[PDB]
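Backbone-built Cβ (ideal geometry, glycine too); neighbour counts: all protein chains shown. What follows is calculated from the coordinates using simple rules that are stated; it is not laboratory data.
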Amino acid sequence: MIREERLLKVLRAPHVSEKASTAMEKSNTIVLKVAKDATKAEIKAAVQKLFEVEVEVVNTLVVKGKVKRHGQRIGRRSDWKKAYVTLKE
Amino acid sequence: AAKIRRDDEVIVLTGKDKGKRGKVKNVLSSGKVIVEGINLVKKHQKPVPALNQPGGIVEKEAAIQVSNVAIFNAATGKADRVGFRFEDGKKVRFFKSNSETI
Amino acid sequence: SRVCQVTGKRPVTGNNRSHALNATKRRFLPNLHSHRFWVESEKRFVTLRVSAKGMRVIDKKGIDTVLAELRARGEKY
Amino acid sequence: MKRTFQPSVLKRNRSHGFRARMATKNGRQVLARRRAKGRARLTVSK
Amino acid sequence: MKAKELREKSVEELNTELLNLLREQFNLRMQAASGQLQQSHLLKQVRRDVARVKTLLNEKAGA
RNA sequence: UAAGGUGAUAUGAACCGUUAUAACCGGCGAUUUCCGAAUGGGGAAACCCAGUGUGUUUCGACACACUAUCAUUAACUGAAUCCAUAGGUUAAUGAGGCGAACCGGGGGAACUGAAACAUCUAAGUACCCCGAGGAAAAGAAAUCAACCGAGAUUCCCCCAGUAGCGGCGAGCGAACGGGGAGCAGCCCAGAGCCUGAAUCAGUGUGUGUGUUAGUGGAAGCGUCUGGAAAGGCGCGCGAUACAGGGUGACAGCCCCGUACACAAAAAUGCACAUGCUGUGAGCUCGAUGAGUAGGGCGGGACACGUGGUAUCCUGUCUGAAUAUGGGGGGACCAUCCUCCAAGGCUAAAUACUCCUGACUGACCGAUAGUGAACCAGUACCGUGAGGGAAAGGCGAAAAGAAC
RNA sequence: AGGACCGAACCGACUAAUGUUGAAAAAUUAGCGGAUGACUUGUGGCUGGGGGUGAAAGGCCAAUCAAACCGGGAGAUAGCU
RNA sequence: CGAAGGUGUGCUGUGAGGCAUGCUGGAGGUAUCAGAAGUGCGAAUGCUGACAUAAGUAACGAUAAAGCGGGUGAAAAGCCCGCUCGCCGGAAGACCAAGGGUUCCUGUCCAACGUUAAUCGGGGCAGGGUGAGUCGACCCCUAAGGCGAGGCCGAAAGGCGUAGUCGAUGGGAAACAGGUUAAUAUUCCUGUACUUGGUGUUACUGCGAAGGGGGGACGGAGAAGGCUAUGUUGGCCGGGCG
RNA sequence: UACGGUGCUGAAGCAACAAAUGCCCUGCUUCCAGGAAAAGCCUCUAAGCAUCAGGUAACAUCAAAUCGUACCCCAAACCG
């Protein structure tokens, strides 16, 4: 079918920062940069398919891009999506 | 289609190095050629700490124009001009004033 | 619009000329009248917005031919 | 003093937005003029 | 890869090579964003690789 | 085609290549997210929400497709109402929107001039709207002419600032005729002698010339100044090539080219020979465009402002003869002359340039030339329609100044 | 009960002073009027230029009004500077 | 072995001008005789750029108000910390809507911006931060009103309008307390809950709409009663004994 | 102790009075100026269906998607 093509196309990167690492250590939660559309069902299916780990719930958000000044020009960065995936215990 | 190719030996016609011959190493898209060991510049290279950090005044070879070079012959011993001749299907270069293939 | 179904008369423009020749833009409207014609070939009344010269056209050549022309050009009735 | 511009994005998009200009014929001519001039912001939509 | 080895392949063998290229691209960009992958060019080539497969899949399955 | 490349600011890293499926260019294919005529419904554009159907299912769901309105046609149904329409449903085909100028039509100003102004002019101009094409419209004499004749329409130069029109003011202003560019004539209103007849559109085929990548393309060295030679000086060669650009100063002989000779697997536009689909062609017999021509009224166009104003067009009311007939020949009548209205189609000469290609300039050279040589219809101003800038130059080469 | 009374929020704008190249292209300060109504306010609609709307001043219609603003006739016209 | 340009000097013509030359510049200039002009500026409250003048003058934006110690630094009235002082407290406090758009937090820099300095910042640069079945939107439903198949009207554009379909400023299910980050929390975590659908079984049983009825579903003012939010005092508990 | 603050235990945790402009109260009285609509919700049946389908009731289960969530918000962040 075409489901596994979508599941491989959803995930982009794991996010890395202090809040991501602290949520991983305490709350058993991985933070992922996902696709822009990327619903919670597609994210949960993709993590359970491509990391072979069981997944409890997904909280997503859309991070807005910051207007950066380069020389004299102004460029708004990409709007991307972030997913806090809570695994099992 | 390029007369002066990469592993050639050419003699410089005009410049601070008129007459000095040498090997080509790099031709650029600009219509310029780096000839090995003629057009030397003293670049005041800055040391970069977040890399290997040499610094120092470095001799580089500057780009020379392709019209300033001409292919050395070592049959007549002077600069010659290069033409394009059609043998069996590959296009070859041929020397002028002696119709010989490079 | 004020358009006869048979003849196709539309309001044209023109001038109110006065006795001092002061022109004013005016309209010439057709003498349009919504009339019901009897049609033996359809055994019914067809309501057309016709002019009086349109009724003289229908009174000269019959309504079976004028409705054929309206069927021909693509208008409805 | 209360000034002449008191903003609201709903009245903005309902009066000067793209669908409002694309409704009427003169607004489509406004869009045609904005395209022929070559403007980068066609309407005020965002 | 090249065109002709894929041009001799079946439809469903092209499909499993498509899925293999998708898994390969997934692992590659995971290594790229993680801090691995000194050799970035693989990313680009695997991208064009998938396009090659998909092009033949639009010729072989029907057009 | 090719030994180099992975677009630019712009490096860098990691790589792909070199006798040929690296890159690059050209033809044809594939992909083509969402908005936009936006076409499934809606909407504050780039969003929200579906329906029906088919198949992939680990049963939580996915995927593909279709679903706008209008017009034409066909088929099912089907009201008051009996039949039948109206209406409802499905199918197939077309249209929709955008674009610089040109073209035709439906409307349509005023500033201004008249040294005020109202008729007039400006001006059928601007502007609005509708429609089509590569051109469009007009077009085959119910025309002009003058008792001699010319032979459809369009454009140019005269006639001619002439006759005329004109508060006879301001102004507007022909035609006849002549010289040219370009040439083309037909079909229906109907029957019988026939069915590929003189031919056009729609498909293939062959050839030629084009277009879309490209290939070959001649012949100069020494010496002095110089940062650097292409300059000066000296001695040679090419030239169907001394057009142009670049190369460290001014190059025919250093490079790219130019004159010249060539080059297409595939797509092609053009005109040539032929094969089908439809349509007839060639003869005699007849017909030969009715609410029409003309009239009364009110307007408009004709250069012609109602004047003695012919002619054309209509809003309104009327209303013939019909080839023993009818129109026109500038009031009108008679005689002659000339043509046949109320049905159509038609190429070239002509107008225009968003864009593409080459070339030119007693055109401009950064306050100029486009508003914009520069990431410009941008920053900025305005709710909005809309307005709208300034801003080029190191060097031959970054050798862009280590310490 | 009240287009009742006193008086905060709220709405207004009577007087004075300051400001007058302001802190502000209409304000501040101290007093002032209404403050259960013909009140006031948020949000969204509708009316558009010889037009709207006007408890009427030619007032207001985006700091513009005895006819807005933008673009076009248009380089209007100027016996005047 | 040095053009146009720029800048001095000296000759020369009745004048507009001309010629030579020193310095800078570093690549073009152009006789003579003809030809054409975007052909000569001091003025137009001329247009654009630059720079003066008033002049180191006014002013530095509420008369709520600061003082000191230590830090950090090259530099401290202004930043950080601490002690006092003063100002608001129906706000000059704490939440949101509208509207902005990253201004939020951390590290770092002081050219510009801040009417002064700045080590500071709502500034520059980089990194991080917005977690929802219950909150708001989306969604169901309508008001004013918009669009509007057909339709009716209109030179054309278009106007109005029925069926419909939008339109919140209104009506419609569901979550609280505590803890946590430098930055989120009714969203994360802990504890305890709630709502609406789809699917499966088990029983009883008539279900069914676009239609009928109820309900949703409503004004100003006034007065009293029951209460709570909240506050004050006592009791209790921990500390003090100045 | 990074000196900012993190880690563990943690007593009582009651009564009386006062009290709203908030809740009962979309109530009650009164007046004239006579005070939205529709759906969710409840109920009735018509066409239809009646082994079922559907409904009621209990239980198990799965789903609740998408968008906003920072910060200012009587203000140095909106309009001037």
Taking region A:21-39 only, how many residues are surrounded by 13 or more Cβ atoms within 10 Å (Cβ to Cβ), more than 13 Å from chain E (Cβ to nearest Cβ) and either without any contact (Cβ under 8 Å) to a residue 12 or more places away in the chain or of a type outside the set (A, V, I, L, M) (or both)?
4
Could you tell me which of the residues E:31, E:39 is within 20 Å of residue A:9 (Cα to Cα) and not small (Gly, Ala, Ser)?
E:31
Could you check, for region D:29-45, whether at least one of its residues is part of a helix (DSSP H, G or I) and within 9 Å of RNA strand H (Cβ to nearest atom)?
no
Selection within region E:25-63 - more than 14 Å from residue E:6 (Cβ to Cβ) and among the charged types (D, E, K, R):
E:29, E:44, E:47
Count - residues of region A:60-84 that are in contact with an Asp or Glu (Cβ under 8 Å, 6 or more places away or on another chain) and within 14 Å of chain E (Cβ to nearest Cβ):
0
State whether one or more residues within region D:35-45 are near RNA strand G (Cβ under 9 Å from one of its atoms) and free of Cβ contacts under 8 Å to residues at least 60 places away in the same chain.
no
Filter result for the condition that a residue is without any contact (Cβ under 8 Å) to a residue 40 or more places away in the chain, within 14 Å of chain E (Cβ to nearest Cβ) and either among the hydroxyl-bearing types (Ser, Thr, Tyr) or outside any helix (DSSP H, G or I) (or both), over A:16, A:53, A:57:
A:16
Test: residue in region B:56-69 that is touching a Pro at 6+ places or on another chain (Cβ under 8 Å) and farther than 24 Å from residue B:15 by Cβ:
yes
Within region E:20-42, work out how many residues are closer than 19 Å to residue A:34 by Cβ, surrounded by fewer than 16 Cβ atoms within 10 Å (Cβ to Cβ) and more than 10 Å from chain A (Cβ to nearest Cβ).
1
Residue hits (region D:16-31; of a type outside the set (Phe, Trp, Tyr), surrounded by 10 or more Cβ atoms within 10 Å (Cβ to Cβ) and either within 14 Å of chain A (Cβ to nearest Cβ) or within 7 Å of RNA strand F (Cβ to nearest atom) (or both)) are D:16, D:17, D:19, D:20, D:22, D:28, D:29, D:30
Can you tell me which residue among B:35, B:69 is free of Cβ contacts under 8 Å to residues at least 40 places away in the same chain, within 19 Å of residue B:24 (Cβ to Cβ) and surrounded by 10 or more Cβ atoms within 10 Å (Cβ to Cβ)?
B:35
Kindly evaluate residue E:2 against the criterion of being farther than 23 Å from residue A:11 by Cβ, surrounded by 15 or more Cβ atoms within 10 Å (Cβ to Cβ) and away from chain A (no Cβ under 11 Å).
no
Flag if residue B:94 is part of a strand (DSSP E or B), of a type in the set (A, V, I, L, M, F, W, C) and either near RNA strand F (Cβ under 7 Å from one of its atoms) or out of contact with any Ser or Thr (no Cβ under 8 Å at 6 or more places or on another chain) (or both):
no
